[PDB]
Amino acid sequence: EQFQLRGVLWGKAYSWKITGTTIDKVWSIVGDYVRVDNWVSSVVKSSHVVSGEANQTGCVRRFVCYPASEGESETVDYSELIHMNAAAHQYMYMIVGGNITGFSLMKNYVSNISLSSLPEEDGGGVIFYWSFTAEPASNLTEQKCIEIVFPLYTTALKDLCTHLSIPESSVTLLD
């Protein structure tokens, strides 16, 4: 009959409907965690595992991003896979280092990806769930985090279509 208060979190969750594809096809790109360069290829130049075994829980990926603008340097993201369930097409990760533009500003950025199949009889398709949280800190606001994260998710959904060779119209942001 007692309890201990914890800190509150910032963040937001997004869901897209994707037609003209299957959970396996989406996963073949999105599920290769340590080769994110083969997914968000418009932002990410290269990626490889630097700790643990590729795509296994606890592993760390290091990926390199193209310069944010001309003159600026490439930036780096280290992120740990903190939960992986490939059979259930879902995983969870956190940035544990690097100077990746914007994302490296957040405190304990944690992200969740979940894929689901819509019923066969409803025309199939995939529900792509993608959320993040970050801890409140004085150099940011929740609104500023959203302005960092959401545009990237949007780009990644576009880059997904490119790699799937399906039109961008295949993707609809729910709500």
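The first residue of the shown sequence is 1; numbering continues from there.
- Once the C-alpha B-factors are averaged per stretch, 22-30 and 109-117 rank with 22-30 first.
- For the segment pair 63-71 and 121-129, the entry gives 121-129 the higher mean B-factor, averaged over Cα atoms.
- For the set 138, 55, 143, 51, the PDB entry puts the maximum C-alpha B factor at 138.
- The PDB entry assigns its highest CA temperature factor, among 9, 157, 166, 13, to 166.
- Sort the chain's modelled residues by C-alpha temperature factor and residue 174 lands in the lowest third, per the entry.
- Residue-level temperature factors show residue 88 in the middle third of its chain, judged at the C-alpha atom.
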